[PDB]
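Asker: pasting the first bit of my complex, frame unchanged:
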Amino acid sequence: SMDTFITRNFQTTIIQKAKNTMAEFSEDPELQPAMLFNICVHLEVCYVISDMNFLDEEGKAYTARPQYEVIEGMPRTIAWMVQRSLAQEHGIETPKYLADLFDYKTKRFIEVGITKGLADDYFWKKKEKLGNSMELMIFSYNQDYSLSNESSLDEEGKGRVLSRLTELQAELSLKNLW
């Protein structure tokens, strides 16, 4: 029963919004734990990337107006209102699909990716559906990662994600659910 594993490891707020996401796709949560788990991870990682990365009042990155803005984990009715308002404020074209994160320093939209195996291979299967609209961020459970050169994710945050992913990968393989 993975429903318990999710309730132990993920926080209350992560789960509620992960279900709210599946409610707008018109799908049943409790009869498909497989999908809900990834949505919680995907949702968790999207926060993690933001969390610590601040920007100071002029325009530089440090650790402690944040550097990123979180889209994933909101209602569609608002998310699109947000995304559209960001694109027209900073003066770039509005993406055709709904993005996950938005960079304030780079003024770019971001799509986060969680994979099991090769980060490089999953990267390319995003390229085929996104061309070069958004900055991709691929993280894998087994310690792989693919990122852009122009992206502004420091060694600190990359750790937070990859460590948490493997921490869940170990807790899955320990109790046989991987």
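Answerer: Right, received. Where do you want to start? Residues are numbered from 1 along each chain as shown, chains lettered A, B, ... in the order given.

Asker: Residue A:157 contacts residue A:52, doesn't it?
Answerer: Yes. Counting by C-beta atoms under 8 Å, residue A:157 does reach residue A:52; the two are 6.5 Å apart. C-beta coordinates here come from the backbone N, C-alpha and C atoms, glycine included.

Asker: Comparing these two, which shows the higher neighbour count?
Answerer: Between residue A:157 and residue A:52, counted using other C-beta atoms under 10 Å, the more crowded position is residue A:157 (20 against 15).

Asker: any idea which helix or strand carries that one?
Answerer: For residue A:157, the host element (DSSP states H and E) is helix A:155-174.

Asker: For that helix, which helices and strands make contact with it?
Answerer: Helix A:155-174 sits against helix A:2-9, helix A:33-52, strand A:135-140, with contacts defined as 3 or more C-beta pairs under 8 Å, 6 or more residues apart in numbering; DSSP states H and E.

Asker: strand partners of the helix or strand following the shortest one, parallel vs antiparallel please.
Answerer: The helix or strand immediately downstream of strand A:135-140 is strand A:145-146, counting by DSSP H and E. Under the criterion DSSP bridges, strand A:145-146 sits next to strand A:135-140 (antiparallel) in its sheet.

Asker: Next, the angle from the partner strand to helix A:33-52.
Answerer: Computed by axes from the mean of the first three to the mean of the last three C-alpha atoms, to 10 degrees, the angle separating strand A:135-140 from helix A:33-52 equals 120 degrees.

Asker: Need the phi and psi values for residue A:70.
Answerer: Here is the backbone geometry of residue A:70 (degrees, to the nearest 10): phi -100, psi 120.

Asker: what's the nearest residue to it if we skip its chain neighbours?
Answerer: residue A:50 (5.2 Å; C-beta to C-beta, 6 or more residues apart in numbering).

Asker: Centre-most residue in chain A?
Answerer: The residue lying closest to the centre of chain A (C-alpha atoms, centre = their mean) is residue A:46, at 3.0 Å.

Asker: one more chain, chain B:
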Amino acid sequence: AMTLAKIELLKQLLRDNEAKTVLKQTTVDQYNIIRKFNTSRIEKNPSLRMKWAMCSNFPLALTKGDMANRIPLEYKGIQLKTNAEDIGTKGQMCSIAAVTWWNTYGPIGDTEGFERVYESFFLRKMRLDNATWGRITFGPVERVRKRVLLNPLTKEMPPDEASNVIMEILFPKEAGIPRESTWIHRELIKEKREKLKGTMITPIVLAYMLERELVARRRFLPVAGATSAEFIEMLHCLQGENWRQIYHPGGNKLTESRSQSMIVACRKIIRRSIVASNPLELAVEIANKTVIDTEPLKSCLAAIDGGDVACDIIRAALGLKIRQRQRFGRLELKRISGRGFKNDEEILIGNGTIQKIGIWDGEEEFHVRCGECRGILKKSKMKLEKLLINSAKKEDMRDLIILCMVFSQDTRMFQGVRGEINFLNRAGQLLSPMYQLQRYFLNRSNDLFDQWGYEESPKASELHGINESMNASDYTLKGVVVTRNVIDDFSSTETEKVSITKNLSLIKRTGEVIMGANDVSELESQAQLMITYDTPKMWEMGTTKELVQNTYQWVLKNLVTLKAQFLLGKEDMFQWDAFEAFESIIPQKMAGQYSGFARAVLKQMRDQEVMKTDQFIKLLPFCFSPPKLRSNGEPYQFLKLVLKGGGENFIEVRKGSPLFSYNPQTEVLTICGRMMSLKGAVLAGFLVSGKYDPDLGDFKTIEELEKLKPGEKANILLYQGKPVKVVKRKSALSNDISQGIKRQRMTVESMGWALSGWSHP
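Answerer: Below is chain B, added to the chains above:
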């Protein structure tokens, strides 16, 4: 660095519009197609073409480069190479002499490491030089056409595994996935890495030369006697159809090394696991934590495709294929036709008892083997319609005929039973009906052959019949035939997945069973590679002295635990698993007495006195068995404690003995001739940034990790198959994530505020 030079060349290809559309349209998948693309015609008869071209002027083709230009145009009136540039490459060609000139007058190259690159070939020369050559013998040899390994390996693996090893050696960045049962050859990888470092030979070759000494080259050959690679390589010289030749190799012991140990290791895991209840659960928990030399047993059983029976049983328990074959005691069977329904029935047998047997129904055929003799079987419902065998050892020719008559379930077999047949195994359990009949007819063979009857021999040139005495005759046993023609080897190429029972029997997916626990061989031998059993239960299958070792060694390790339970004063501390094995060397007649004595002495040290460390260790192993006291109620008392074997094997209670002695002034504890002195949070720095990177060096331990500065990289080997890059800290997750949400809830509330048409600040 090369990096930038690649980009410049790529841009220079994108100038040409044809090459642009190649790289744009053609896929990474299709790379494998376009590399083989050529114009030309593949010309028949290359040997004809070679002789023709070699006689011509300029048959060779030459690669352009700085090294090509150091070859001159002429040399003493001889044309080496040609100018005539082809417009495509702007390139050149040359003649046979051009190569010969290079080997004579050309430049020196860095041929350092060449020996270590082609090591697999150089080991063949090492075998030939040091090998002593024995006597020659002219005589007819029967050559068995067996499946055999052609070339000896450094470490046997499958292609799937060896590739991911080869990758982490030569191409560590591109390797990709960090696999479980792949890295753990870190000894071999780190060894190959440093050996193949200074050389500058083409990687594609290095990979091929690694593959030659890590992948099995197994073909069928006519073989007799030895079945080991270091012999097989020389087979052309070792034997022919009508002669023989003795040979003793370089003598470093390979191939057989793991094959022999793996057999014994598995067999001995079985013998221990059979007895106690739930053999499967023990066979697993043991085999998981067993070791051969350095490799865990999992990877050995999986990689090597040999084994006997116990190997395949242990394989199945852990979870890998074994081989599509069927075994019955000593008999081997491969299904060649037919399929049967094992169907329960009540059966009367000859002696006059009702056994509940399953009856194989339906037409069937089988390729069958036993020992040195091989043959073919045909049976039906409780009837052996036909059997064939080959001229071989009479001991095994007999056993084969018997065991076929058993599994054929012929009514003539069942009627030939005389006397009771209550046979047991090692653990003291009732053998199932047919496994019982097996050992009866192997023992009492003559009772069967009389009941069987005789018929005419088949008059075909290369055949003859046999009788009770296993000799040539014009009479023959009803069904059985012998042939002059020699038969194929065992032969079982394909592999299959299998499930396992509580009693270590292997079940095929259909419902029937193929490999039973009872089918193993009793024959024992010693392990060539050094086995190590980290589990406690298997200490039993050491010797007397080495068990006293491993027990007292376990007490020294877990002193803090045992000494804490001592203060509490309960009877659970005496019932540890380690002391259950120690009872195997105490004679049964005396065990409980020693325990009653030992418990009384350790009780006395708790109540009336203070702690005495050496005696507490000395006496604790004897306390396992239930306390057998005197008739009046008080305990027995002793001076010395005798163990199995006798002579030197005894523990003195008072002070010193050979097995055990403590010197109180210097405080030195001698255990079987081994001295042992008795004098007396960081996992938060666990941020995973990348993967195994050679730049950071060797795998650093805990001590050095504390001294690293905040915000710096390092290599760590974490747990169960994880070689990963790590960074030092520089909050703790849970509070961070909630704060990220509060910033999102901020954004949301303003956008709702906006939907009505307001703002926050």
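
Asker: ok chain B is loaded, check the nearest residue to residue A:70 again?
Answerer: residue B:744 (4.8 Å; C-beta to C-beta, 6 or more residues apart in numbering or on different chains).

Asker: Pull the contacting residues for the residue of chain A found nearest chain B.
Answerer: Residue of chain A nearest chain B, by C-beta to the nearest C-beta: residue A:159 (3.3 Å). By C-beta atoms under 8 Å, 6 or more residues apart in numbering or on different chains, the contact list for residue A:159 reads B:687-689, B:727.

Asker: how much space between the residue nearest to residue A:70 and residue A:17?
Answerer: 9 Å (C-beta to C-beta, to the nearest Å).

Asker: who has more neighbours, those two?
Answerer: Neighbour count, other C-beta atoms under 10 Å in any protein chain shown: between residue B:744 and residue A:17, residue B:744 has more, with 21 against 18.

Asker: That one: what secondary structure?
Answerer: Under the three-state scheme (DSSP: H, G, I helix; E, B strand; the rest coil), residue B:744 adopts helix.

Asker: Centroid-nearest residue for chain B?
Answerer: By C-alpha atoms, centre = their mean, the most central residue of chain B is residue B:300, 1.5 Å off.

Asker: tell me which parts of chain A are close to chain B?
Answerer: Residues of chain A lying close to chain B (C-beta under 8 Å from any C-beta of the partner chain) are A:11, A:13-14, A:44, A:47-48, A:50-52, A:63, A:66, A:69-70, A:73-74, A:78, A:81-82, A:85, A:117-118, A:120, A:142-145, A:155-156, A:158-160, A:162-164, A:166, A:170.

Asker: what sits against residue A:98?
Answerer: A:71, A:76, A:79-80, A:83.

Asker: May I see those residues arranged in a markdown table, with neighbour count and distance to residue B:175 as well?
Answerer: Putting the contacts of residue A:98 into a markdown table (neighbours: other C-beta atoms under 10 Å in any protein chain shown; distance: C-beta to C-beta, whole Å) gives the following:
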| residue | neighbour count | distance to residue B:175 |
| --- | --- | --- |
| A:71 | 24 | 35 |
| A:76 | 12 | 41 |
| A:79 | 19 | 39 |
| A:80 | 14 | 42 |
| A:83 | 20 | 38 |
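
Asker: Extend the structure above with chain C:
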Amino acid sequence: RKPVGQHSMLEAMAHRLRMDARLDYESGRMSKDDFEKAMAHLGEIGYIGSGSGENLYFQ
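Answerer: So, slotting chain C in with the rest:
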């Protein structure tokens, strides 16, 4: 190792040669000047690799 990928050969070589330079700057094989050279040179290769006809030479 026969490589696998549905995407384009060029498209990959661009993405790979990017990261090689990224790593070679951090580890200390290439300088800022040689790195921004590559990122610029590659930048072009991107625009070249997403056209539909001419190479669009310039003056």
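
Asker: What packs on helix A:155-174 with chain C there, same question as before?
Answerer: Helix A:155-174 sits against helix A:2-9, helix A:33-52, strand A:135-140, strand B:723-727, with contacts defined as 3 or more C-beta pairs under 8 Å, 6 or more residues apart in numbering or on different chains; DSSP states H and E.

Asker: The same query, at a cut-off of 7 Å, please.
Answerer: helix A:33-52, strand A:135-140 (3 or more C-beta pairs under 7 Å, 6 or more residues apart in numbering or on different chains; DSSP states H and E).

Asker: tell me the most buried of those?
Answerer: Highest mean neighbour count among the helices and strands packed on helix A:155-174 (mean count of other C-beta atoms under 10 Å in any protein chain shown): strand A:135-140, with a mean of 24.

Asker: Got the phi and psi for the nearest residue to residue B:313 once chain neighbours are set aside?
Answerer: With sequence-adjacent residues excluded and distances taken as C-beta to C-beta, 6+ apart, residue B:313 is closest to residue B:504, at 5.5 Å. Geometry field for residue B:504 lists phi and psi as phi 60, psi 40, criterion degrees, to the nearest 10.

Asker: residues contacting residue B:504?
Answerer: When contacts are counted by C-beta atoms under 7 Å, 6 or more residues apart in numbering or on different chains, residue B:504 is found next to B:270, B:279-280, B:283, B:313, B:517.

Asker: Quick one: these as TSV, columns for neighbour count too.
Answerer: TSV is the format used below for the contacts of residue B:504 (neighbours: other C-beta atoms under 10 Å in any protein chain shown):
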residue	neighbour count
B:270	22
B:279	20
B:280	16
B:283	24
B:313	28
B:517	21
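
Asker: what's the closest of those residues to chain C?
Answerer: residue B:313 (35.8 Å).

Asker: what's the helix or strand for that closest one?
Answerer: In this structure, residue B:313 sits in helix B:310-318 according to DSSP H and E.

Asker: give me every residue that touches the residue nearest to the centre of chain A.
Answerer: By C-beta under 7 Å, 6+ apart, residue A:46 lies in contact with A:70, A:72-73, A:100-101, A:112.

Asker: excluding its backbone neighbours, what's nearest it?
Answerer: Sequence neighbours aside, residue A:72 is the residue nearest to residue A:46 in space, at 4.3 Å (criterion: C-beta to C-beta, 6+ apart).
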